[PDB]
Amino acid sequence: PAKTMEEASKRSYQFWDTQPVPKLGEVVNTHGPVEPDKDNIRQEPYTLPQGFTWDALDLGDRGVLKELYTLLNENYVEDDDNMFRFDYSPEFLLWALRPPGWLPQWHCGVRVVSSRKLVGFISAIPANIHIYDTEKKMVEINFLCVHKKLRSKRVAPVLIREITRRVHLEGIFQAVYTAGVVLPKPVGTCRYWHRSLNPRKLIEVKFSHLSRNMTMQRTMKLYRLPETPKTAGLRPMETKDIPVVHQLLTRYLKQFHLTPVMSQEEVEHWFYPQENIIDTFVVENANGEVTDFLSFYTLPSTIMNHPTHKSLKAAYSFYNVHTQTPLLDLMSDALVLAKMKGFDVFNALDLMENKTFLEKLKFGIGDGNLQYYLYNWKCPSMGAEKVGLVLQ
């Protein structure tokens, strides 16, 4: 793969040159589809190599959900040095893959014919996306995974074409997705930052290591946190808060250039707290008005090849809306809440207004860029601070 724009300039993209995306080299000054909507769609699934078959995964079958968990737990994204792998839980996967409007045929698996072993996956979920001055029904593509023994055999281009076909069959012709690799052609480039919460554990697993020159003692004291949040009236989101959280989010996001447009049902799905999946806290002020909220989701990782520590418990910044409480105070309380809940690290991207608090709250810049992409939509790229969209 190509993780930098340098190694990507030196590559030729045999697959992506065939797709309706802009070329890496060109710069974009227009707004609109790369190609028109198709009015006739291929009815037949694309051909797989011999011995493999398509299978749409019904995640309501607990056994099928577990097969997908295992495939991802063993074969999904790792860090650059093969030390950590994402470990999405089964319940998290249900959250991410069954939002309102989900379709079973958009949970697109590949199985071995003989054994029935799940060896490949890709998914789509519908979302309304606001991109500059246009709102489009799109899909979000997530969880592209090919078994390790099956790699470098073109299975991934077939998975992309097959989910494209199945999305086209439903009348949708644009998509949004992210990746750690550079591809034609990022609409924005964001950077992960990390806030140590349990610096001891993070150093013995080499997730981070001591800054020069500092002792383990100095490092702990530097990252210590209060034991309770400071903001008045902070409390977990409840059912009664769904409309006002929807209203707050909708107004807050109008200031960015790539955002979701959520219905009130989608707000309930994405923010209503679920233990070990998503946490949302609202600020209810002295008048009983909800004026701010913070949210973060739960995504641990496997620590590979380690005798004693098997997993890292990571919290990920989701959407944080402020209208009365300072963003800095809001995020400082998110750190405290994550610490209280047992998380080892708190991750956040530099999108939206996050740059205004990352350094002050002692985040350390990561080695990973997260590139954002649109399929069949041509528009100018944007700076990270204008991206107002967070995926799982």
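Sequential numbering from 1, following the sequence displayed. Definition used throughout: the rigid core is the maximal C-alpha set that superposes within 1.5 Å between two forms.
- In 8 other deposited structures of this protein, superposed by the rigid core, the C-alpha atoms of 310-318 lie farther from the shown form than the other of 310-318 and 156-164.
- As recorded in the PDB entry, 309-317 is the stretch of 309-317 and 261-269 with the greater mean C-alpha temperature factor.
- Taking only CA atoms, the mean B-factor in the PDB entry is higher for 209-217 than for the other of 209-217 and 295-303.
- Highest C-alpha temperature factor among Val282, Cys145, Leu183, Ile242, as the PDB entry reports it: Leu183.
- Annotation for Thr250, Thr164, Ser152, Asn276: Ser152 ranks highest, by Cα B-factor.
- Among the modelled residues of its chain, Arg98 has a C-alpha B-factor that falls in the lowest third, as given in the PDB entry.
- Per-chain ranking of the deposited C-alpha B factor places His107 in the lowest third.
- In the PDB entry, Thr134 places in the highest third of its chain by CA B-factor.
- The deposited CA B-factor of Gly342 belongs to the middle third of values across its chain.
- Sorting the modelled residues of the chain by their CA temperature factor places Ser196 in the highest third.
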